[PDB]
Amino acid sequence: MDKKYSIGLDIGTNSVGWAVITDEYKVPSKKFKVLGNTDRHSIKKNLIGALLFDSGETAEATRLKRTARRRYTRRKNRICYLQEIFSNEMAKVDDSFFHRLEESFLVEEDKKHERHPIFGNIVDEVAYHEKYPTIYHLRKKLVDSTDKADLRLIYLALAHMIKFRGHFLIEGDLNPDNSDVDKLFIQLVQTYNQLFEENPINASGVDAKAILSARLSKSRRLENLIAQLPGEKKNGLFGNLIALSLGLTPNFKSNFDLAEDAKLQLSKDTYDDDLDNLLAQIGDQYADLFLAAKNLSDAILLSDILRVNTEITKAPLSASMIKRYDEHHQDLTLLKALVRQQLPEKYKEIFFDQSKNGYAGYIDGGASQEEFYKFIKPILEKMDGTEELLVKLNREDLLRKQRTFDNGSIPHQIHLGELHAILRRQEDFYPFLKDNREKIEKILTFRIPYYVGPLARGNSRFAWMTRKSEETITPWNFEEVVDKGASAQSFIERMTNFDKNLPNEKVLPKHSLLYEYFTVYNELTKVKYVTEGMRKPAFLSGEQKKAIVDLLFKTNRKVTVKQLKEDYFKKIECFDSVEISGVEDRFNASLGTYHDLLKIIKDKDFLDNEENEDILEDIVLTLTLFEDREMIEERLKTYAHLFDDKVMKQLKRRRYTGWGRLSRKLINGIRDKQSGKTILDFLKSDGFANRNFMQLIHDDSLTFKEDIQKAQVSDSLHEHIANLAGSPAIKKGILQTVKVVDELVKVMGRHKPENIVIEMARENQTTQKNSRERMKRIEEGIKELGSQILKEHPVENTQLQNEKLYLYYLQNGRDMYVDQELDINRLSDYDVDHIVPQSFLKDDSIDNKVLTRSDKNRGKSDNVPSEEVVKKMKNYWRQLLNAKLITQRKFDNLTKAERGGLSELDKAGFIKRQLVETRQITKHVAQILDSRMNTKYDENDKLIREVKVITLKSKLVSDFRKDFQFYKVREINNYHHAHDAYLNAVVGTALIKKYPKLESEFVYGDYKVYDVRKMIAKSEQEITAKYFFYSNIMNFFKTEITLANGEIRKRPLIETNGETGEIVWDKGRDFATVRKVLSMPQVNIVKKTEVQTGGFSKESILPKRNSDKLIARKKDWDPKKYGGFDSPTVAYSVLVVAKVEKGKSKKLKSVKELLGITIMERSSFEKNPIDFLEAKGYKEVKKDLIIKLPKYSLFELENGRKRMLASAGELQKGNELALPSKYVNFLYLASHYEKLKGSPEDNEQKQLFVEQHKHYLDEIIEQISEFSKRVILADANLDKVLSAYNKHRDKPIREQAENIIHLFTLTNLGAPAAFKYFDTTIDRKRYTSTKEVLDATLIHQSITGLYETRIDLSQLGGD
Amino acid sequence: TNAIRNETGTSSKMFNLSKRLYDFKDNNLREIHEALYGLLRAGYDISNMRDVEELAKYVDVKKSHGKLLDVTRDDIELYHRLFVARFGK
RNA sequence: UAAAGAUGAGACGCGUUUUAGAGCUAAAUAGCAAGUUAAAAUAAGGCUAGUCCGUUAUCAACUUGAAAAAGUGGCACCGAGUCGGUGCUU
């Protein structure tokens, strides 16, 4: 009947719901069209429904696999360079050598050459292995000896040194600044004394080299290192850091009062994120500590690998490995002797059986070191003579290998030493090695920097590299082909996050100077001080903040309350004892960079000239971005004359990490027109009303919100959705919602909707982690007080989840308006009282509610009570105020008895609290729909608005439900996603129609401000422009307004406007309309089909086996001979209709089957379908009869029985229980007896209500009975819950309703799962048959569900 | 967006399209289709195949090595009905 | 109360499958000797050929004839058990 409609939308985490309403709030119905091979040409449907999908993960495993592939590619290229050099002389020695190292993997029967790789003939292979046992023997024989050696063995040792090369952390050469343990130890204690100046650590008589590098165990060395120190506890902090550096697992929980334990071990694969989780709880100021333990650990283990002194050979590493080899040999011989002698029935099970964790399980099986030691420890303890071996086993130095996991700390300069010696020896016996030396050393010591990126030419979306010539980048002409200035320029303009408040700017580094002036002047501006005669504790002045920031902060690192009260007040300002109100025992902002560069420059005037800022900012950003040496050296040459040589050589080892979130142009770029000041200028001196950053953003009286708001303009759609924040499931919901909006405008004749209303719900709850902080918060209150209450009745973390009990604890057992105490077992008989009445604001947090004995203690007026608790309980309010039991704002709410009743700012704060949206994602979603709908442009280039997109506070609709009795039971069905879209759509329209002067608040647009202080009644019966007195803006839905004192008044019935007067809310028809709309059987449900993507199989490599489902892993490596993968992944399904052979007759009978197609075989299928199916053993396959079926397909059987194809061999239920409203009200009033939260009178009338209507139990058993007999089709479990329904027919309501809401998991949409009765656990029932599907209608639906297309799989199958 | 990469929307559009060409069988339009899978599994952007000139340069460069012998100009400008029908403006 | 918050660049080290490290003594089998290392692969592969790209984001069916003109599917009443019936128009 109307052509101006509205769309309602709610966005969740796994659903989006949508509804189309008209102005009389009905849902219009239409006939839609069906294509296919049916004679059903049009069906009626309603315009309301839901959408259900699945969440998507993060992009981290993809990136890890990708960079692993890059590194393997580059290592193969280095071996190709080396063979390319030796190819010509190797052709003179032996032609067929590199072909013998080509194909050394294959079985002999696929070997064309001879099978021994190096020499080829067997005598030289056996002689070669008997002479040089490992690779390191051969390397030592090259470095020491003085003969002429073969060309091949030189190639094998140089290949072994260029393939595995070492880490690149120590940059430069090996010198004792970063190689000896003692200097690193002194760096650790100077970091620690730099942090904790109060309790210094002496280390003067400490020789950490002899202690931490001895042939002893671990814990003995920790005890000795404490036993040299003057009185440290072994489980303190410093002992836990030394125990971190040795490789033991401490807990830092007792050192900072954490909540759970935390174990750290450096040798474990998840050290980085655990260290970053610990550093997110104690501040980001503890980084150099936990780094400087790790560098000390690398120095210790590197001093443990090198058990060879110098001045003998040039190769220490090889002699260390040979020494390890001979100790391994000797101890093996002794162990076989002792176990051979004393336990002769265990000699077989240790030395042959590779299924135990014996010796053969350590050599040939797969057991690690640790399982071997824990296996043969007590078996050594049962014998005699193993004292030396037990000493070694406790030293963790028994029966080792050469390729172990400790080698992650051998630096590349050691391999470069051995390589350099081998090149300097032999080159008098070959001329080409005399020519080619810097070539090979340049092959080893080359590492691509961070600012060059991948070396692409334009087939990659990950690169930014720019070239200078046109050749092939090799290691030798990298510095002649790659332009590095423009490359670094693109690196800066790519690797910096943008500003969120204002784009086209880049953010500041966290360690910069200006950002820390920002946070210090942010912390100082909100402190108060109370003095005798200063009963309102005022803020600081301008010169006061200048003196505090210039005496306390540019001299000292950290400032706490002791030097706050003492070192400035009892020095200059000359007071006696000043109350300090607003800082929590120490400040939290600081100045780190000023003390760091104050250490480095050892000078004062250059830091304080105020004309040297951008120099320092280029230095700080330069140290933040790059981690290269040569490019820092390049980017600091322009400041050479300002610094001397030692300080110039001391800046360049300093770095920082982390970014802030404010640009410079925000802080000091823009002003206010009325002020002419920057934001930091307001933070320095404002005068009267000192406000922070969050109060200067949203101040309507200034230019700031209009500059930022007008300055957010912001390419395709995936860049918009890509370039903002949020957990990515909500981005998935945003994209699906935009698709749904375009198709609802397609259906309705392309007329633009008048209103789109979007609400974003939440499923974000993690734990009651703030309730452990409620138990600990009460411990803060009573540890602050020290009274005699918790000695009578302590606290726990299970009882306090009830709000009556927590609000019982928040008065210290003392009654408020009666000078008595409170009983522990009268929680149900202690009344909840409100200070400001419910008809002004609806606040249900800790702030508003207070406990009382009886609800007639505060008098009889609606406004503030008498002033007797103020004069009686003022010290009580004082020590509640210090103890953080009542907050600052709630104590400002308890002092409302004095300041003159209620005024304009309180009620404007009631409405201002109940309108203003503050979260930062709905604003940008509204910018997406506002940027997409409104494109009509006027003549002055202003904003034409045709579409209003509106977002609402997410408690209005729940208040509507609990008030007008439209209850919500979540476990019944899925119709609540559409009902919430419907109620969003209604309530938003009524609230925008009733109040025309409330569009600047909650309609996203550049609108002007109206005076709130004049559009509020200043009296009670004042009532037109004065809209209302009672500040709750949801009152006019009611019929009788209600106070909190004892008075209840009334209102008229038909609710219209007072300026124009159009009918916006009725009382008679609308509850029957809205109550009728919630009662429909047919609501649109769409499961969103998907295609499986991911890896090819399980990522383990099985041994060789003569089965037929092991995937090959190379094209000619047969898994009967070489082994491969295990179990693939099915991507989708395909229907096939074509005749095959019957048998030896090869007869031609038709079939109709269902096929699985893996991810590895998807391109070959989509390249030629008929050829692939015709090669899979079919004949006469057609074209139009190939149907693709993804996961979650929808098949319609008889009688409305629907199924969803979950895999190739599992179906799922797909119908819906549409239950009338009366049963929903009865179950919800029946079960929720625990969380009632209501006055006992009308709730007692509700107990009479269930007591009268106690037969709906039997009616609901009839409903589930016939519905389970119609579509669900399960018998034995249904009879089982009928007998189990018979054996509990006499319990009260408050359990029977609970097990009926537990009954409704029999008839859901989704998976067939199990559930629990009172006592009987009803098992699941699964579908394992896909046979009925092939005689059903196959339904194709679009995204909304309206446009369908049916394919009849019952006729197709013959001719 | 408007770039044609190795997506899943792109692969379903090309599978819809690879059913279609079995109708037109007296021409040779198969080899151009396999070639355009060839540029697309190797990571390129084939979103410049909306102009009929660019397809002619590519089929000429591909004719330089001796491949795609049987393809005229008459088959190609037929085949460019198809990156404006399925996807393409 | 709001306000990290996702995405990207460089390099080690182990791990895992086959082959080579001449096993011996005396049908089934028993007794003995031995053991650490190395070569190749690290998703099958792709081709306007780079020291590039291959597990995240993204996805109903049909479509050769002129645009943020058009890609493909009439509108109102009386009902209500997963959607029916009627008018008019076609």
# chains A, B, ... in the order shown; residues from 1 in each chain; ligands from 1

$ interface_residues --of "chain C" --to "chain B" --cutoff "9 Å" --atoms "only C-alpha atoms (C1' of nucleotides)" --output "list in words"
residues 46, 47, 48, 53, 54, 58, 59, 63, 64 and 71 of chain C

$ write_last_selection --atoms "N, CA and C atoms (P, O5', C5', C4', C3', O3' and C1' of nucleotides)" --output "PDB file, in the first residue's frame"
ATOM      1  P     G C  46      53.684 -27.638 -14.570  1.00  0.00           P
ATOM      2  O5'   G C  46      53.280 -26.132 -14.288  1.00  0.00           O
ATOM      3  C5'   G C  46      51.919 -25.758 -14.183  1.00  0.00           C
ATOM      4  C4'   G C  46      51.786 -24.272 -14.284  1.00  0.00           C
ATOM      5  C3'   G C  46      52.652 -23.652 -15.352  1.00  0.00           C
ATOM      6  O3'   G C  46      52.028 -23.728 -16.617  1.00  0.00           O
ATOM      7  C1'   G C  46      52.886 -22.442 -13.345  1.00  0.00           C
ATOM      8  P     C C  47      52.864 -24.098 -17.932  1.00  0.00           P
ATOM      9  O5'   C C  47      53.207 -22.672 -18.527  1.00  0.00           O
ATOM     10  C5'   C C  47      52.228 -21.646 -18.486  1.00  0.00           C
ATOM     11  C4'   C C  47      52.829 -20.265 -18.509  1.00  0.00           C
ATOM     12  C3'   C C  47      53.741 -19.959 -19.688  1.00  0.00           C
ATOM     13  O3'   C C  47      53.564 -18.603 -20.050  1.00  0.00           O
ATOM     14  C1'   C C  47      54.893 -19.552 -17.694  1.00  0.00           C
ATOM     15  P     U C  48      53.667 -18.181 -21.583  1.00  0.00           P
ATOM     16  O5'   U C  48      54.567 -16.871 -21.556  1.00  0.00           O
ATOM     17  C5'   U C  48      53.978 -15.582 -21.494  1.00  0.00           C
ATOM     18  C4'   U C  48      54.977 -14.513 -21.831  1.00  0.00           C
ATOM     19  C3'   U C  48      55.865 -14.086 -20.670  1.00  0.00           C
ATOM     20  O3'   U C  48      57.173 -13.759 -21.143  1.00  0.00           O
ATOM     21  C1'   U C  48      54.562 -12.241 -21.415  1.00  0.00           C
ATOM     22  P     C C  53      57.443 -13.470  -4.725  1.00  0.00           P
ATOM     23  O5'   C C  53      56.321 -14.464  -5.251  1.00  0.00           O
ATOM     24  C5'   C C  53      55.110 -13.956  -5.782  1.00  0.00           C
ATOM     25  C4'   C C  53      54.264 -15.030  -6.420  1.00  0.00           C
ATOM     26  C3'   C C  53      53.805 -16.169  -5.537  1.00  0.00           C
ATOM     27  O3'   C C  53      52.733 -15.837  -4.681  1.00  0.00           O
ATOM     28  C1'   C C  53      54.512 -17.018  -7.612  1.00  0.00           C
ATOM     29  P     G C  54      52.498 -16.662  -3.324  1.00  0.00           P
ATOM     30  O5'   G C  54      52.036 -18.112  -3.786  1.00  0.00           O
ATOM     31  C5'   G C  54      50.720 -18.349  -4.256  1.00  0.00           C
ATOM     32  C4'   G C  54      50.469 -19.815  -4.502  1.00  0.00           C
ATOM     33  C3'   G C  54      50.507 -20.714  -3.283  1.00  0.00           C
ATOM     34  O3'   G C  54      49.299 -20.677  -2.535  1.00  0.00           O
ATOM     35  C1'   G C  54      51.710 -21.715  -5.064  1.00  0.00           C
ATOM     36  P     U C  58      36.233 -12.744   3.180  1.00  0.00           P
ATOM     37  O5'   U C  58      36.029 -12.956   1.621  1.00  0.00           O
ATOM     38  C5'   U C  58      35.956 -11.850   0.741  1.00  0.00           C
ATOM     39  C4'   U C  58      36.174 -12.270  -0.687  1.00  0.00           C
ATOM     40  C3'   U C  58      35.198 -13.294  -1.233  1.00  0.00           C
ATOM     41  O3'   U C  58      33.983 -12.709  -1.666  1.00  0.00           O
ATOM     42  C1'   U C  58      37.400 -13.935  -1.783  1.00  0.00           C
ATOM     43  P     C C  59      32.579 -13.434  -1.382  1.00  0.00           P
ATOM     44  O5'   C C  59      32.542 -14.645  -2.409  1.00  0.00           O
ATOM     45  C5'   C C  59      31.961 -14.495  -3.692  1.00  0.00           C
ATOM     46  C4'   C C  59      31.792 -15.834  -4.355  1.00  0.00           C
ATOM     47  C3'   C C  59      30.630 -16.678  -3.863  1.00  0.00           C
ATOM     48  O3'   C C  59      29.423 -16.343  -4.525  1.00  0.00           O
ATOM     49  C1'   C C  59      32.604 -17.995  -4.013  1.00  0.00           C
ATOM     50  P     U C  63      24.389 -20.488 -20.342  1.00  0.00           P
ATOM     51  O5'   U C  63      24.311 -18.908 -20.524  1.00  0.00           O
ATOM     52  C5'   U C  63      23.378 -18.350 -21.434  1.00  0.00           C
ATOM     53  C4'   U C  63      23.501 -16.851 -21.554  1.00  0.00           C
ATOM     54  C3'   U C  63      24.824 -16.308 -22.058  1.00  0.00           C
ATOM     55  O3'   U C  63      24.930 -16.395 -23.467  1.00  0.00           O
ATOM     56  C1'   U C  63      24.030 -14.994 -20.247  1.00  0.00           C
ATOM     57  P     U C  64      26.324 -16.772 -24.162  1.00  0.00           P
ATOM     58  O5'   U C  64      26.877 -15.371 -24.665  1.00  0.00           O
ATOM     59  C5'   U C  64      25.983 -14.376 -25.129  1.00  0.00           C
ATOM     60  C4'   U C  64      26.668 -13.390 -26.037  1.00  0.00           C
ATOM     61  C3'   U C  64      25.745 -12.518 -26.866  1.00  0.00           C
ATOM     62  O3'   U C  64      25.269 -11.401 -26.139  1.00  0.00           O
ATOM     63  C1'   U C  64      27.479 -13.385 -28.231  1.00  0.00           C
ATOM     64  P     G C  71      19.522  -3.063 -14.880  1.00  0.00           P
ATOM     65  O5'   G C  71      20.072  -4.409 -15.528  1.00  0.00           O
ATOM     66  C5'   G C  71      21.460  -4.710 -15.564  1.00  0.00           C
ATOM     67  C4'   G C  71      21.786  -5.535 -16.780  1.00  0.00           C
ATOM     68  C3'   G C  71      20.875  -6.721 -17.033  1.00  0.00           C
ATOM     69  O3'   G C  71      19.652  -6.352 -17.634  1.00  0.00           O
ATOM     70  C1'   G C  71      23.132  -7.351 -17.364  1.00  0.00           C
TER      71        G C  71
END

$ residues_around --residues "residue B:76" --least-positions-apart "4" --cutoff "12 Å" --atoms "only C-alpha atoms (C1' of nucleotides)" --output "list in words"
residues 27, 28, 29, 30, 31, 32, 33, 49, 51, 52, 53, 54, 55, 56, 57, 58, 59, 60, 68, 70, 71, 72, 80, 81, 82 and 83 of chain B

$ write_last_selection --atoms "C-alpha atoms" --output "PDB file, in the first residue's frame"
ATOM      1  CA  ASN B  27      35.682 -23.278 -34.547  1.00  0.00           C
ATOM      2  CA  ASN B  28      38.784 -23.642 -32.400  1.00  0.00           C
ATOM      3  CA  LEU B  29      38.348 -21.653 -29.185  1.00  0.00           C
ATOM      4  CA  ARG B  30      39.815 -24.202 -26.773  1.00  0.00           C
ATOM      5  CA  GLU B  31      43.512 -23.321 -27.027  1.00  0.00           C
ATOM      6  CA  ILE B  32      43.032 -19.650 -26.159  1.00  0.00           C
ATOM      7  CA  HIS B  33      41.121 -20.792 -23.070  1.00  0.00           C
ATOM      8  CA  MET B  49      42.262  -8.934 -21.375  1.00  0.00           C
ATOM      9  CA  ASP B  51      40.600  -4.881 -24.591  1.00  0.00           C
ATOM     10  CA  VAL B  52      40.655  -6.734 -27.889  1.00  0.00           C
ATOM     11  CA  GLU B  53      44.017  -5.232 -28.900  1.00  0.00           C
ATOM     12  CA  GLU B  54      45.913  -6.658 -25.909  1.00  0.00           C
ATOM     13  CA  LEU B  55      44.646 -10.148 -26.681  1.00  0.00           C
ATOM     14  CA  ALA B  56      45.962  -9.678 -30.221  1.00  0.00           C
ATOM     15  CA  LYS B  57      49.449  -8.688 -29.044  1.00  0.00           C
ATOM     16  CA  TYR B  58      49.517 -11.669 -26.699  1.00  0.00           C
ATOM     17  CA  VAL B  59      48.339 -14.097 -29.364  1.00  0.00           C
ATOM     18  CA  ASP B  60      50.931 -12.678 -31.784  1.00  0.00           C
ATOM     19  CA  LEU B  68      48.631 -21.278 -31.555  1.00  0.00           C
ATOM     20  CA  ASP B  70      45.145 -22.541 -36.078  1.00  0.00           C
ATOM     21  CA  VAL B  71      43.716 -19.316 -34.634  1.00  0.00           C
ATOM     22  CA  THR B  72      42.557 -16.548 -36.956  1.00  0.00           C
ATOM     23  CA  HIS B  80      35.850 -11.400 -26.686  1.00  0.00           C
ATOM     24  CA  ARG B  81      32.079 -11.640 -26.294  1.00  0.00           C
ATOM     25  CA  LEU B  82      33.025 -13.582 -23.218  1.00  0.00           C
ATOM     26  CA  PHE B  83      35.068 -11.269 -21.071  1.00  0.00           C
TER      27      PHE B  83
END

$ atom_distance --atom1 "atom CA of residue A:2" --atom2 "atom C1' of residue C:73"
21.7 Å

$ residues_around --residues "stretch 667-670 of chain A" --least-positions-apart "6" --cutoff "10 Å" --atoms "only C-alpha atoms (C1' of nucleotides)" --output "tab-separated table (two decimals) with C-alpha atoms, in the first residue's frame"
chain	number	residue	atom	x	y	z
A	514	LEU	CA	57.21	15.08	21.78
A	515	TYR	CA	55.02	12.04	22.41
A	518	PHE	CA	52.30	14.66	25.52
A	676	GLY	CA	44.23	29.84	18.37
A	677	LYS	CA	46.04	27.17	20.41
A	678	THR	CA	47.27	23.66	19.77
A	679	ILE	CA	46.23	20.67	21.86
A	680	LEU	CA	49.51	20.53	23.78
A	681	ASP	CA	49.02	24.23	24.57
A	703	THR	CA	36.31	23.44	15.78
A	704	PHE	CA	37.99	20.10	16.50
A	707	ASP	CA	37.79	19.48	11.38

$ interface_residues --of "chain A" --to "chain B" --cutoff "8 Å" --atoms "only C-alpha atoms" --output "ChimeraX atom specification"
/A:459-460,716-718,1166-1169,1183

$ residues_around --residues "residue C:77" --least-positions-apart "4" --cutoff "12 Å" --atoms "only C-alpha atoms (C1' of nucleotides)" --output "MDAnalysis selection string"
(chainID A and resid 1 29) or (chainID C and resid 85:88)

$ write_last_selection --atoms "N, CA, C and O atoms (P, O5', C5', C4', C3', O3' and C1' of nucleotides)" --output "PDB file, in the first residue's frame"
ATOM      1  N   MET A   1       0.823  -1.203   0.000  1.00  0.00           N
ATOM      2  CA  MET A   1       0.000   0.000   0.000  1.00  0.00           C
ATOM      3  C   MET A   1       0.862   1.260   0.000  1.00  0.00           C
ATOM      4  O   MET A   1       0.394   2.339  -0.363  1.00  0.00           O
ATOM      5  N   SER A  29       4.108  -8.970   1.533  1.00  0.00           N
ATOM      6  CA  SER A  29       4.252 -10.308   0.971  1.00  0.00           C
ATOM      7  C   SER A  29       4.206 -10.209  -0.540  1.00  0.00           C
ATOM      8  O   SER A  29       3.473  -9.370  -1.068  1.00  0.00           O
TER       9      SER A  29
ATOM     10  P     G C  85      -3.717 -22.520  -3.792  1.00  0.00           P
ATOM     11  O5'   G C  85      -5.242 -22.149  -3.539  1.00  0.00           O
ATOM     12  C5'   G C  85      -5.913 -21.236  -4.390  1.00  0.00           C
ATOM     13  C4'   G C  85      -6.837 -20.327  -3.621  1.00  0.00           C
ATOM     14  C3'   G C  85      -7.429 -19.172  -4.407  1.00  0.00           C
ATOM     15  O3'   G C  85      -8.571 -19.568  -5.142  1.00  0.00           O
ATOM     16  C1'   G C  85      -6.660 -18.417  -2.287  1.00  0.00           C
ATOM     17  P     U C  86      -8.462 -19.880  -6.710  1.00  0.00           P
ATOM     18  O5'   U C  86      -9.424 -18.802  -7.369  1.00  0.00           O
ATOM     19  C5'   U C  86      -8.967 -17.484  -7.616  1.00  0.00           C
ATOM     20  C4'   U C  86      -9.756 -16.458  -6.846  1.00  0.00           C
ATOM     21  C3'   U C  86      -9.860 -15.097  -7.514  1.00  0.00           C
ATOM     22  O3'   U C  86     -10.931 -15.038  -8.441  1.00  0.00           O
ATOM     23  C1'   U C  86      -9.182 -14.821  -5.260  1.00  0.00           C
ATOM     24  P     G C  87     -10.669 -15.225 -10.016  1.00  0.00           P
ATOM     25  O5'   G C  87      -9.450 -14.243 -10.335  1.00  0.00           O
ATOM     26  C5'   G C  87      -9.661 -12.913 -10.789  1.00  0.00           C
ATOM     27  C4'   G C  87     -10.339 -12.081  -9.736  1.00  0.00           C
ATOM     28  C3'   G C  87     -10.804 -10.702 -10.145  1.00  0.00           C
ATOM     29  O3'   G C  87     -11.973 -10.722 -10.937  1.00  0.00           O
ATOM     30  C1'   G C  87      -9.766 -10.574  -8.047  1.00  0.00           C
ATOM     31  P     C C  88     -11.881 -10.338 -12.495  1.00  0.00           P
ATOM     32  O5'   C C  88     -10.960  -9.038 -12.518  1.00  0.00           O
ATOM     33  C5'   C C  88     -10.366  -8.589 -13.729  1.00  0.00           C
ATOM     34  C4'   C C  88      -9.628  -7.287 -13.538  1.00  0.00           C
ATOM     35  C3'   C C  88      -8.542  -6.988 -14.563  1.00  0.00           C
ATOM     36  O3'   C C  88      -9.050  -6.382 -15.740  1.00  0.00           O
ATOM     37  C1'   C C  88      -7.688  -6.646 -12.379  1.00  0.00           C
TER      38        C C  88
END

$ atom_distance --atom1 "atom CA of residue A:1063" --atom2 "atom CA of residue A:1011"
26.0 Å

$ closest_residue --among "C:25, C:72, C:16, C:90" --to "chain A" --atoms "only C-alpha atoms (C1' of nucleotides)"
C:16

$ residues_around --residues "residue C:37" --least-positions-apart "4" --cutoff "8 Å" --atoms "only C-alpha atoms (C1' of nucleotides)" --output "number ranges by chain"
A: 133-135

$ atom_distance --atom1 "atom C1' of residue C:24" --atom2 "atom CA of residue A:352"
16.9 Å

$ residues_around --residues "residue A:451" --least-positions-apart "4" --cutoff "9 Å" --atoms "only C-alpha atoms (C1' of nucleotides)" --output "VMD selection string"
(chain A and resid 465 484 487 to 492 626 628) or (chain C and resid 9)
